[PDB]
Amino acid sequence: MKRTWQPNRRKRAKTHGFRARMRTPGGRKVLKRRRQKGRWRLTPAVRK
Amino acid sequence: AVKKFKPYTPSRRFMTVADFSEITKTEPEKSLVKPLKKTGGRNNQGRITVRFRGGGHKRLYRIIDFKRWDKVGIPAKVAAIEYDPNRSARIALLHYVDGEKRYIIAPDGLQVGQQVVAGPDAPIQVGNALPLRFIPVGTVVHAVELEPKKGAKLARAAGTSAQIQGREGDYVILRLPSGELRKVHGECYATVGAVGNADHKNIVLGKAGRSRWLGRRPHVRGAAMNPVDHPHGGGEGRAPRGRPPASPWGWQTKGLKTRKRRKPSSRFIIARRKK
RNA sequence: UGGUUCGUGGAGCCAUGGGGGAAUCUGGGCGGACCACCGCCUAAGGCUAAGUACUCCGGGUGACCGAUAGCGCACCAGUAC
RNA sequence: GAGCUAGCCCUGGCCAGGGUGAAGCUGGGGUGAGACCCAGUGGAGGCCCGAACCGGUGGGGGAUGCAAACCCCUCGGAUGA
RNA sequence: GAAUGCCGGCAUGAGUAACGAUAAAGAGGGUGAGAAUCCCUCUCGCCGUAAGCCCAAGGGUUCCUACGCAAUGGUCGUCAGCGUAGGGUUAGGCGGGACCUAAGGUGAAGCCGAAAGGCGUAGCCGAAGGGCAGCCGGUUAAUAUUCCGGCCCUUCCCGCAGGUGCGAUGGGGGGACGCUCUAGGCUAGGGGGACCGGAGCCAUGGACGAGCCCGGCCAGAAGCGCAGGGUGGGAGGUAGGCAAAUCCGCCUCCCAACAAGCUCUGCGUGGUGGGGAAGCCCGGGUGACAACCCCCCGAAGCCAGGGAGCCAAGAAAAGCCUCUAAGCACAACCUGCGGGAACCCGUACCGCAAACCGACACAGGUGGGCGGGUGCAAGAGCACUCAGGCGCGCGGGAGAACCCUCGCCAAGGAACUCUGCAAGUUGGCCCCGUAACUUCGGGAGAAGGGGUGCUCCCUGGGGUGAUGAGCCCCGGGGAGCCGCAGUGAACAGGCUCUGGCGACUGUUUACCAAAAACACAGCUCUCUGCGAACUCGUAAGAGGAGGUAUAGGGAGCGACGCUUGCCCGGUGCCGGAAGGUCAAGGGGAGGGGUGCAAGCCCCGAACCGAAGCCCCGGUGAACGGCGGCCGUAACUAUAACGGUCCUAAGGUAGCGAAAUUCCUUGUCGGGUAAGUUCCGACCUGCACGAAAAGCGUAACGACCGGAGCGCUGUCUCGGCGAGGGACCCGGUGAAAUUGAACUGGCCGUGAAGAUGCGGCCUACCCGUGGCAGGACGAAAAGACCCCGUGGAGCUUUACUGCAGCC
RNA sequence: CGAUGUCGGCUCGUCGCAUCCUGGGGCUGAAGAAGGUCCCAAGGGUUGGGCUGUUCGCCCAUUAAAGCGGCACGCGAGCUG
RNA sequence: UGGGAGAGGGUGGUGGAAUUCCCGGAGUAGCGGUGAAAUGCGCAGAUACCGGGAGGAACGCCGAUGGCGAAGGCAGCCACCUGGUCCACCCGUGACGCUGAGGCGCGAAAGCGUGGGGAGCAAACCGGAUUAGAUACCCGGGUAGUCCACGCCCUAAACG
RNA sequence: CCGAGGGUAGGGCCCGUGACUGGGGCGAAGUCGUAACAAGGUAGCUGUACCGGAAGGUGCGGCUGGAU
RNA sequence: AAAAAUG
RNA sequence: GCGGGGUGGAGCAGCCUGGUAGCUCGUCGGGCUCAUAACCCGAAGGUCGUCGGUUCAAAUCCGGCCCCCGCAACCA
Ligand SMILES: [Mg+2]
Ligand SMILES: [Mg+2]
Ligand SMILES: [Mg+2]
Ligand SMILES: [Mg+2]
Ligand SMILES: [Mg+2]
Ligand SMILES: [Mg+2]
Ligand SMILES: [Mg+2]
Ligand SMILES: [Mg+2]
Ligand SMILES: [Mg+2]
Ligand SMILES: [Mg+2]
Ligand SMILES: [Mg+2]
Ligand SMILES: [Mg+2]
Ligand SMILES: [Mg+2]
Ligand SMILES: [Mg+2]
Ligand SMILES: [Mg+2]
Ligand SMILES: [Mg+2]
Ligand SMILES: [Mg+2]
Ligand SMILES: [Mg+2]
Ligand SMILES: [Mg+2]
Ligand SMILES: [Mg+2]
Ligand SMILES: [Mg+2]
Ligand SMILES: [Mg+2]
Ligand SMILES: [Mg+2]
Ligand SMILES: [Mg+2]
Ligand SMILES: [Mg+2]
Ligand SMILES: [Mg+2]
Ligand SMILES: [Mg+2]
Ligand SMILES: [Mg+2]
Ligand SMILES: [Mg+2]
Ligand SMILES: [Mg+2]
Ligand SMILES: [Mg+2]
Ligand SMILES: [Mg+2]
Ligand SMILES: [Mg+2]
Ligand SMILES: [Mg+2]
Ligand SMILES: [Mg+2]
Ligand SMILES: [Mg+2]
Ligand SMILES: [Mg+2]
Ligand SMILES: [Mg+2]
Ligand SMILES: [Mg+2]
Ligand SMILES: [Mg+2]
Ligand SMILES: [Mg+2]
Ligand SMILES: [Mg+2]
Ligand SMILES: [Mg+2]
Ligand SMILES: [Mg+2]
Ligand SMILES: [Mg+2]
Ligand SMILES: [Mg+2]
Ligand SMILES: [Mg+2]
Ligand SMILES: [Mg+2]
Ligand SMILES: [Mg+2]
Ligand SMILES: [Mg+2]
Ligand SMILES: [Mg+2]
Ligand SMILES: [Mg+2]
Ligand SMILES: [Mg+2]
Ligand SMILES: [Mg+2]
Ligand SMILES: [Mg+2]
Ligand SMILES: [Mg+2]
Ligand SMILES: [Mg+2]
Ligand SMILES: [Mg+2]
Ligand SMILES: [Mg+2]
Ligand SMILES: [Mg+2]
Ligand SMILES: [Mg+2]
Ligand SMILES: [Mg+2]
Ligand SMILES: [Mg+2]
Ligand SMILES: [Mg+2]
Ligand SMILES: [Mg+2]
Ligand SMILES: [Mg+2]
Ligand SMILES: [Mg+2]
Ligand SMILES: [Mg+2]
Ligand SMILES: [Mg+2]
Ligand SMILES: [Mg+2]
Ligand SMILES: [Mg+2]
Ligand SMILES: [Mg+2]
Ligand SMILES: [Mg+2]
Ligand SMILES: [Mg+2]
Ligand SMILES: [Mg+2]
Ligand SMILES: [Mg+2]
Ligand SMILES: [Mg+2]
Ligand SMILES: [Mg+2]
Ligand SMILES: [Mg+2]
Ligand SMILES: [Mg+2]
Ligand SMILES: [Mg+2]
Ligand SMILES: [Mg+2]
Ligand SMILES: [Mg+2]
Ligand SMILES: [Mg+2]
Ligand SMILES: [Mg+2]
Ligand SMILES: [Mg+2]
Ligand SMILES: [Mg+2]
Ligand SMILES: [Mg+2]
Ligand SMILES: [Mg+2]
Ligand SMILES: [Mg+2]
Ligand SMILES: [Mg+2]
Ligand SMILES: [Mg+2]
Ligand SMILES: [Mg+2]
Ligand SMILES: [Mg+2]
Ligand SMILES: [Mg+2]
Ligand SMILES: [Mg+2]
Ligand SMILES: [Mg+2]
Ligand SMILES: [Mg+2]
Ligand SMILES: [Mg+2]
Ligand SMILES: [Mg+2]
Ligand SMILES: [Mg+2]
Ligand SMILES: [Mg+2]
Ligand SMILES: [Mg+2]
Ligand SMILES: [Mg+2]
Ligand SMILES: [Mg+2]
Ligand SMILES: [Mg+2]
Ligand SMILES: [Mg+2]
Ligand SMILES: [Mg+2]
Ligand SMILES: [Mg+2]
Ligand SMILES: [Mg+2]
Ligand SMILES: [Mg+2]
Ligand SMILES: [Mg+2]
Ligand SMILES: [Mg+2]
Ligand SMILES: [Mg+2]
Ligand SMILES: [Mg+2]
Ligand SMILES: [Mg+2]
Ligand SMILES: [Mg+2]
Ligand SMILES: [Mg+2]
Ligand SMILES: [Mg+2]
Ligand SMILES: [Mg+2]
Ligand SMILES: [Mg+2]
Ligand SMILES: [Mg+2]
Ligand SMILES: [Mg+2]
Ligand SMILES: [Mg+2]
Ligand SMILES: [Mg+2]
Ligand SMILES: [Mg+2]
Ligand SMILES: [Mg+2]
Ligand SMILES: [Mg+2]
Ligand SMILES: [Mg+2]
Ligand SMILES: [Mg+2]
Ligand SMILES: [Mg+2]
Ligand SMILES: [Mg+2]
Ligand SMILES: [Mg+2]
Ligand SMILES: [Mg+2]
Ligand SMILES: [Mg+2]
Ligand SMILES: [Mg+2]
Ligand SMILES: [Mg+2]
Ligand SMILES: [Mg+2]
Ligand SMILES: [Mg+2]
Ligand SMILES: [Mg+2]
Ligand SMILES: [Mg+2]
Ligand SMILES: [Mg+2]
Ligand SMILES: [Mg+2]
Ligand SMILES: [Mg+2]
Ligand SMILES: [Mg+2]
Ligand SMILES: [Mg+2]
Ligand SMILES: [Mg+2]
Ligand SMILES: [Mg+2]
Ligand SMILES: [Mg+2]
Ligand SMILES: [Mg+2]
Ligand SMILES: [Mg+2]
Ligand SMILES: [Mg+2]
Ligand SMILES: [Mg+2]
Ligand SMILES: [Mg+2]
Ligand SMILES: [Mg+2]
Ligand SMILES: [Mg+2]
Ligand SMILES: [Mg+2]
Ligand SMILES: [Mg+2]
Ligand SMILES: [Mg+2]
Ligand SMILES: [Mg+2]
Ligand SMILES: [Mg+2]
Ligand SMILES: [Mg+2]
Ligand SMILES: [Mg+2]
Ligand SMILES: [Mg+2]
Ligand SMILES: [Mg+2]
Ligand SMILES: [Mg+2]
Ligand SMILES: [Mg+2]
Ligand SMILES: [Mg+2]
Ligand SMILES: [Mg+2]
Ligand SMILES: [Mg+2]
Ligand SMILES: [Mg+2]
Ligand SMILES: [Mg+2]
Ligand SMILES: [Mg+2]
Ligand SMILES: [Mg+2]
Ligand SMILES: [Mg+2]
Ligand SMILES: [Mg+2]
Ligand SMILES: [Mg+2]
Ligand SMILES: [Mg+2]
Ligand SMILES: [Mg+2]
Ligand SMILES: [Mg+2]
Ligand SMILES: [Mg+2]
Ligand SMILES: [Mg+2]
Ligand SMILES: [Mg+2]
Ligand SMILES: [Mg+2]
Ligand SMILES: [Mg+2]
Ligand SMILES: [Mg+2]
Ligand SMILES: [Mg+2]
Ligand SMILES: [Mg+2]
Ligand SMILES: [Mg+2]
Ligand SMILES: [Mg+2]
Ligand SMILES: [Mg+2]
Ligand SMILES: [Mg+2]
Ligand SMILES: [Mg+2]
Ligand SMILES: [Mg+2]
Ligand SMILES: [Mg+2]
């Protein structure tokens, strides 16, 4: 049947994207948390 | 002159539709229409403020002139009468001798191809619009400005009308379609006569379909929901309300007066609505 | 109403949202309701180093661990997944 | 977090074939004029039968399954909410 | 040493289940250390509205080539979507961007909010919508509408010539639209052809034939022709389209009006350029100087912005056109010609799947287009089949039980069973014929019958054409032939009678309930006069609504028919300038602290003081409620009547052992050989009852009862047969569970149900296929039950608060 | 209670004797036939339907008889639900 | 042809009297009602009297033993549309007539459907009296209806 | 070919019958009331409508077959 | 301008 | 199992707070009538379900028994 994940490259980059992050004080903190942790990718990647 | 249908389908038994007799023109005037933004009962927040609305047929809003003191003393010929999906009343196209064209709500008995004009000296004749103070007492009138130069706010529904019961000072006394007696300022313009399509209330829908076509989604009773959703909800089997019948927010819905007490308009209301 | 040990207590003092609203030293605040006496201090403008706090960073030292312990990671780790 | 699900808004797309034959219209009859009747044309419908498509009624199988909801027979709606 | 402990490792089950569709395989010839699994050929089977082909999303080198097989592939492996290395994605015209806008988002102005931030006209972003100029053929191992070949086309710049008041983000026009049906004329595509082109073929009884088989096109500028779309022309006046305006709008006059013309498409033709088979020979070559024509069927597609009808009344902006303003008319625009310029990103491959979403090379899920031929009434249905693509990545044997799925059956035909669950019966089309009842449509395909194939003869009409032939499409009558059976295979309702419920099509518990629940039109109450009421939000702001009492919110009932009685004492709501009660506050009789005192400070009565509450009334389609005991009639029995206590008032109509009836299988009747269910009645209704509506109702229902016919493996009552498993051999090889084991029966005992203790009996050691009584067998720290001063959701006249309102 | 699946039916049985039949008897108010009551006896047998979820029971039609009970109200790692 | 009468019918418009309610003034111990009372109303200011307003219904005197129509039925006034009927003159057509099974239409009041309207009156209902009881006659309240529009029902002591 | 007739299916009319139920008819002498004939003690009747243990009461309109 | 049944 | 009740012939107050049983109908006697009912005037009748206890005294307060109503009987 239809599962949960139906990938969409536009939706992904607009929802979890970097520019989406910077627009909310929470999303800013999201980046700040990940940079301090040291993750290699602050945002899900997508090719566009 | 509502039409019926033979009952060839069980929903078509009772269905009735308007005769569309008075309608002369099948398509509106392109210059006077603009897109109607369908809200779906949802505000700017995105939350539903009015439940169970949306999904109706698409509509183009037709601009209406509710301020005929705009073009004083400039006559106009009734070009045509068209169907407006945005209100109960039919509307009439006006071809001003000025060349400008406008829609006004179509009063009953207005015949295509007749002069209409606005101004304190306009003849008392169906379709002409005057300030209230210059209109003979007792005449039928509609499209009443509630306050001066703010646009017609009263008696715009199909078949409605307002009567004049007397004057007092600058104000004149109207009998509104609700029966209320309201002092309205004399300088408030108003269009003489009664609103057309007075057979609107006898339209029997026929089936749930026409509730959706008009954009009215299904309305689900309270006692059918659950405690978390509504006061009447819950209860084993069917059950009465067991409490004063109350809205989904708790305020009682059986004869509870809600109008704000200290409202300044109270000074200008003579008699509460009838019946 | 808040702060102080002070939870309305005899409840001051400091601070203040509302109302009313002075004085320039013979002016004014405080010493726990309030009064008198006796004292202290001069509100409604501002700046001020040092003493104190922390450890991403560098070093030194351990009756600290020794690859299931010690940071999650001694190794290409916030990686694989 | 509304890329699953629920509701709405914007913009597009889809529904083989067949059956029934409302109103209206034209002709004729009818009457003082009408209502009305008859045949033709007409092609209405949350109409009918039935694929796609959308469903998931009954039964069986499957039960460490092909599958954390599937498969077979059967069955409902299918120009409309 | 234990914590259903944590990490890791290795066992047990077990060489057992399984190897992921039952569409299917065999042989031969290569290669290779090795082959059922790789490659080639012939034979066979499977899809063919796909299991074929092309796009879009998603995926990200999986495409091609070479060399490789440890691991990945449910076996094997030389093979591959795996490993290594090399190569591969070419655009002014396809798509997107340098154009436009919709939701929505963002947001100079402005508004709001303790901070963070929330709104918001314009503007801007935003596409699978609008706008926009390329078609055919070839070529690479792999790219192509991208390279190449031919024939076309757009924009930008400069130059020139011709024409004109040129000029815009400002005005106007246009762009510009729904649903159902639909004309005419084309095209795609399809069928036949004794006509044309063709390598061959003569089989096994016949056929040298008007034979067999193959093929008989594609694109194409100007011009031409057929078919359609669109648009009237001039003059005058003008106060409107937020300046101007010749434009647009409005008025008046004149000529024209199914036209014509002018303009735009579509198709046909068109210089020319390509393509072009079967077969045979080793992807290529011939076939070939290939031919390339006629008739018919014909679209949902094109002309298109066509036409008619209808109610629910059917996007915006730009490109394009016109109008004029500053400006400027040495210019600028338009047309034509010439030369010059034309950028970024995507192009591989998979793409109903082994490459996407499902942990897997997963029987599931995934939007758009093409989707051929014949026959069956038609069709995207069913069967077979072209092009094309596959036999689903373990096999080989055996022919037990048992399971799955499928086929058949004597006589009986629901005796099965909770129930005809299931499986039978019926089945498509034509024609005759068809009941109660009904809201006149219906019920109705009701029911119930008959026909159905092929051949010869005769004969009506339609389309094309021409009016005819040809081809095609509908029928009619007669005469006959074969079979058990003629929709000869596949797809394709069993029917009837009577109840309860709900009016109806519809909706839901994704993932055990599709219902009698929800919704629905329709009825009633009730709120709201506009900056509405209500809702969301602290607000600003929104929705309501660019709506205005024929409108909008809330509540209950739920088509329609006939109806909806009595009670306002209590609660709710509505009304009520009296009175009572009432906080802050005003007031300050009168007392207190202290100072020598002027004074300072505190307590503080009567009275004045809103809502609310008390109080007076109203109100049922507001919450709710609608009795007991006793006597009495010329047989008895029962009470039309009466007596009495009480209540605010005591249940009317209609219904009633019901979805409700305890006693209950109440009693009588029907149906049956027999009826705790079903139907009709009766009424002493434990405990129906009138908008949590009362009683009914034609039609509708995968709803739930009862009955009958038809037919059946449901059953008496089982039997045979087929295939996939189960079994055997080769390859690969899990699982939960598991204290350890050398694990028998009985009679007792034991924490009260023993392989383990006592006595007695029986019993050689170890397995394979089977059966499920035991190991209180596995699985889940019982979900019922209580326990915890454990938790959570919900209710109100429980307590105390807060929003909101007064 | 870190689980002992709970009615009934189907299938498959096995045991007990307080025997329903058949067999052997005593007594009888046993003439015969046919019964009544007790005694011995468990080898075999103990039907088919209607209604109800039923167990039980009633009813139809038969029968030599249409027995009562145990085995976790036998039996769900056998099924139905 | 020329004239007369009439509540004959249909539409529109219009006048005053009164009742009820609302507002204003003024006023105080009761009003209302019956055979007599009581329910009801009234100091929360009624009745009675004045002024103003809203709204519906019906048309006093004329008026009659009167008139009109086929019947049921029709009554303020103004206008418009229109039927029936009588007198006069003796002009015209020249038996063209009378009744009328079916058929069609009209048809008081009550009743019904959909909307409208709603002062007064008033079935059903509530209450007060009478009574053995009073589901009545009488008093206090009161909904359908009575009224307008359209569409049904078509009955009668529709009787002279 | 026609055809008595037999079989199946669906309809039409008539008669008999049925738990129960509806009123109706009569039946020397039951119960409860008194509506009508006198102005029947509320004039009577009537069409209709609502209600009531029952006759009947009331509402709208009509007749006199109503007395004074 | 009519209080009040029956045999 | 819990709750309420039993008193003239019928239906009910008195019971809560001990001392005195009352209301309507009915029954009887007598009036009006031709006669009945209606109506008027008088009158009669209850040892309080039963038994036991408390108390100076029990319809009355406390126990037991009988009967008549009424409510509950749930999770399985
Ligand atoms: Mg789907
Ligand atoms: Mg996942
Ligand atoms: Mg999706
Ligand atoms: Mg996308
Ligand atoms: Mg977002
Ligand atoms: Mg890095
Ligand atoms: Mg109209
Ligand atoms: Mg927004
Ligand atoms: Mg948002
Ligand atoms: Mg709407
Ligand atoms: Mg919620
Ligand atoms: Mg709640
Ligand atoms: Mg409730
Ligand atoms: Mg409920
Ligand atoms: Mg209930
Ligand atoms: Mg409120
Ligand atoms: Mg105002
Ligand atoms: Mg504090
Ligand atoms: Mg000092
Ligand atoms: Mg001082
Ligand atoms: Mg101090
Ligand atoms: Mg300072
Ligand atoms: Mg400092
Ligand atoms: Mg160490
Ligand atoms: Mg060391
Ligand atoms: Mg080590
Ligand atoms: Mg470590
Ligand atoms: Mg570190
Ligand atoms: Mg590193
Ligand atoms: Mg590091
Ligand atoms: Mg979504
Ligand atoms: Mg057809
Ligand atoms: Mg048909
Ligand atoms: Mg037509
Ligand atoms: Mg047709
Ligand atoms: Mg349909
Ligand atoms: Mg059909
Ligand atoms: Mg169907
Ligand atoms: Mg399709
Ligand atoms: Mg669903
Ligand atoms: Mg299923
Ligand atoms: Mg199943
Ligand atoms: Mg499952
Ligand atoms: Mg189907
Ligand atoms: Mg739709
Ligand atoms: Mg092993
Ligand atoms: Mg094993
Ligand atoms: Mg095995
Ligand atoms: Mg196996
Ligand atoms: Mg199969
Ligand atoms: Mg081989
Ligand atoms: Mg494929
Ligand atoms: Mg490959
Ligand atoms: Mg290779
Ligand atoms: Mg390998
Ligand atoms: Mg391998
Ligand atoms: Mg090019
Ligand atoms: Mg852009
Ligand atoms: Mg833009
Ligand atoms: Mg700003
Ligand atoms: Mg914003
Ligand atoms: Mg586009
Ligand atoms: Mg393009
Ligand atoms: Mg090509
Ligand atoms: Mg390729
Ligand atoms: Mg090229
Ligand atoms: Mg110009
Ligand atoms: Mg056509
Ligand atoms: Mg064809
Ligand atoms: Mg040749
Ligand atoms: Mg031969
Ligand atoms: Mg012109
Ligand atoms: Mg102008
Ligand atoms: Mg201008
Ligand atoms: Mg061509
Ligand atoms: Mg051409
Ligand atoms: Mg050659
Ligand atoms: Mg088109
Ligand atoms: Mg147009
Ligand atoms: Mg069109
Ligand atoms: Mg045209
Ligand atoms: Mg339509
Ligand atoms: Mg339109
Ligand atoms: Mg723009
Ligand atoms: Mg200038
Ligand atoms: Mg490509
Ligand atoms: Mg597809
Ligand atoms: Mg593939
Ligand atoms: Mg996959
Ligand atoms: Mg596979
Ligand atoms: Mg798959
Ligand atoms: Mg699909
Ligand atoms: Mg197709
Ligand atoms: Mg096709
Ligand atoms: Mg086909
Ligand atoms: Mg055939
Ligand atoms: Mg067919
Ligand atoms: Mg198929
Ligand atoms: Mg058989
Ligand atoms: Mg047979
Ligand atoms: Mg049979
Ligand atoms: Mg049967
Ligand atoms: Mg049985
Ligand atoms: Mg069942
Ligand atoms: Mg079945
Ligand atoms: Mg019948
Ligand atoms: Mg029919
Ligand atoms: Mg039927
Ligand atoms: Mg048939
Ligand atoms: Mg044949
Ligand atoms: Mg043709
Ligand atoms: Mg021909
Ligand atoms: Mg033969
Ligand atoms: Mg079939
Ligand atoms: Mg069928
Ligand atoms: Mg039948
Ligand atoms: Mg339903
Ligand atoms: Mg349905
Ligand atoms: Mg479910
Ligand atoms: Mg679930
Ligand atoms: Mg289901
Ligand atoms: Mg708020
Ligand atoms: Mg707003
Ligand atoms: Mg409303
Ligand atoms: Mg309901
Ligand atoms: Mg109902
Ligand atoms: Mg009621
Ligand atoms: Mg009340
Ligand atoms: Mg009250
Ligand atoms: Mg004070
Ligand atoms: Mg004070
Ligand atoms: Mg107060
Ligand atoms: Mg109550
Ligand atoms: Mg007796
Ligand atoms: Mg009633
Ligand atoms: Mg009653
Ligand atoms: Mg029964
Ligand atoms: Mg019987
Ligand atoms: Mg049953
Ligand atoms: Mg029954
Ligand atoms: Mg009984
Ligand atoms: Mg009920
Ligand atoms: Mg109710
Ligand atoms: Mg019913
Ligand atoms: Mg009916
Ligand atoms: Mg029914
Ligand atoms: Mg049934
Ligand atoms: Mg049944
Ligand atoms: Mg069988
Ligand atoms: Mg086999
Ligand atoms: Mg052993
Ligand atoms: Mg034992
Ligand atoms: Mg031992
Ligand atoms: Mg076992
Ligand atoms: Mg087994
Ligand atoms: Mg536990
Ligand atoms: Mg549970
Ligand atoms: Mg255990
Ligand atoms: Mg267990
Ligand atoms: Mg014995
Ligand atoms: Mg023995
Ligand atoms: Mg014996
Ligand atoms: Mg004897
Ligand atoms: Mg004998
Ligand atoms: Mg035996
Ligand atoms: Mg035995
Ligand atoms: Mg039976
Ligand atoms: Mg029983
Ligand atoms: Mg015997
Ligand atoms: Mg037991
Ligand atoms: Mg039992
Ligand atoms: Mg058992
Ligand atoms: Mg089980
Ligand atoms: Mg077991
Ligand atoms: Mg069950
Ligand atoms: Mg089941
Ligand atoms: Mg007369
Ligand atoms: Mg003559
Ligand atoms: Mg006549
Ligand atoms: Mg009437
Ligand atoms: Mg009416
Ligand atoms: Mg009255
Ligand atoms: Mg009438
Ligand atoms: Mg015959
Ligand atoms: Mg015959
Ligand atoms: Mg009488
Ligand atoms: Mg009455
Ligand atoms: Mg008597
Ligand atoms: Mg007594
Ligand atoms: Mg007492
Ligand atoms: Mg006494
Ligand atoms: Mg006496
Ligand atoms: Mg005593
Ligand atoms: Mg005493
Ligand atoms: Mg419970």
# chains A, B, ... in the order shown; residues from 1 in each chain; ligands from 1
call {"tool": "select_by_dssp", "arguments": {"residues": "region 23-98 of chain B", "states": "strand (DSSP E or B)", "output": "PyMOL selection string"}}
result
chain B and resi 33-35+42+48+53+60-62+76-82+91-96
call {"tool": "interface_residues", "arguments": {"of": "chain A", "to": "chain C", "cutoff": "8 Å", "atoms": "only C-alpha atoms (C1' of nucleotides)", "output": "number ranges by chain"}}
result
A: 37-39
call {"tool": "write_last_selection", "arguments": {"atoms": "N, CA and C atoms", "output": "mmCIF file, in the first residue's frame"}}
result
data_model
loop_
_atom_site.group_PDB
_atom_site.id
_atom_site.type_symbol
_atom_site.label_atom_id
_atom_site.label_comp_id
_atom_site.auth_asym_id
_atom_site.auth_seq_id
_atom_site.Cartn_x
_atom_site.Cartn_y
_atom_site.Cartn_z
ATOM 1 N N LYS A 37 27.439 20.188 17.775
ATOM 2 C CA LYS A 37 27.650 18.748 17.764
ATOM 3 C C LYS A 37 28.722 18.372 16.757
ATOM 4 N N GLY A 38 28.804 19.104 15.653
ATOM 5 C CA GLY A 38 29.787 18.835 14.633
ATOM 6 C C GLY A 38 29.326 17.947 13.506
ATOM 7 N N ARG A 39 28.026 17.880 13.235
ATOM 8 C CA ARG A 39 27.557 17.033 12.154
ATOM 9 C C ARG A 39 28.136 17.500 10.827
#
call {"tool": "residues_around", "arguments": {"residues": "residue 60 (chain H)", "least_positions_apart": "3", "cutoff": "9 Å", "atoms": "only C-alpha atoms (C1' of nucleotides)", "output": "list in words"}}
result
residues 109, 110, 123, 145 and 146 of chain G
call {"tool": "residues_around", "arguments": {"residues": "residue 68 (chain J)", "least_positions_apart": "5", "cutoff": "12 Å", "atoms": "only C-alpha atoms (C1' of nucleotides)", "output": "list in words"}}
result
residues 629 of chain E; 4, 5, 6 and 49 of chain J
call {"tool": "atom_distance", "arguments": {"atom1": "atom 1 (Mg, counted along the ligand's line) of ligand 123", "atom2": "CA of residue 249 (chain B)"}}
result
21.6 Å
call {"tool": "decode", "arguments": {"residues": "region 42-54 of chain D", "atoms": "C-alpha atoms (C1' of nucleotides)", "output": "PDB file, in the first residue's frame"}}
result
ATOM      1  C1'   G D  42     -35.617  16.116 -28.144  1.00  0.00           C
ATOM      2  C1'   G D  43     -31.344  13.933 -24.402  1.00  0.00           C
ATOM      3  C1'   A D  44     -32.667  15.536 -18.333  1.00  0.00           C
ATOM      4  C1'   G D  45     -30.855  12.570 -14.119  1.00  0.00           C
ATOM      5  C1'   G D  46     -26.543  12.750  -6.394  1.00  0.00           C
ATOM      6  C1'   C D  47     -31.150   7.391 -13.015  1.00  0.00           C
ATOM      7  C1'   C D  48     -30.077   1.861 -14.556  1.00  0.00           C
ATOM      8  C1'   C D  49     -26.318  -2.579 -16.468  1.00  0.00           C
ATOM      9  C1'   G D  50     -21.193  -2.656 -16.606  1.00  0.00           C
ATOM     10  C1'   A D  51     -14.485  -1.928 -17.606  1.00  0.00           C
ATOM     11  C1'   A D  52     -10.868   1.444 -16.322  1.00  0.00           C
ATOM     12  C1'   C D  53     -10.506   4.174 -11.903  1.00  0.00           C
ATOM     13  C1'   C D  54     -12.264   4.552  -6.500  1.00  0.00           C
TER      14        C D  54
END
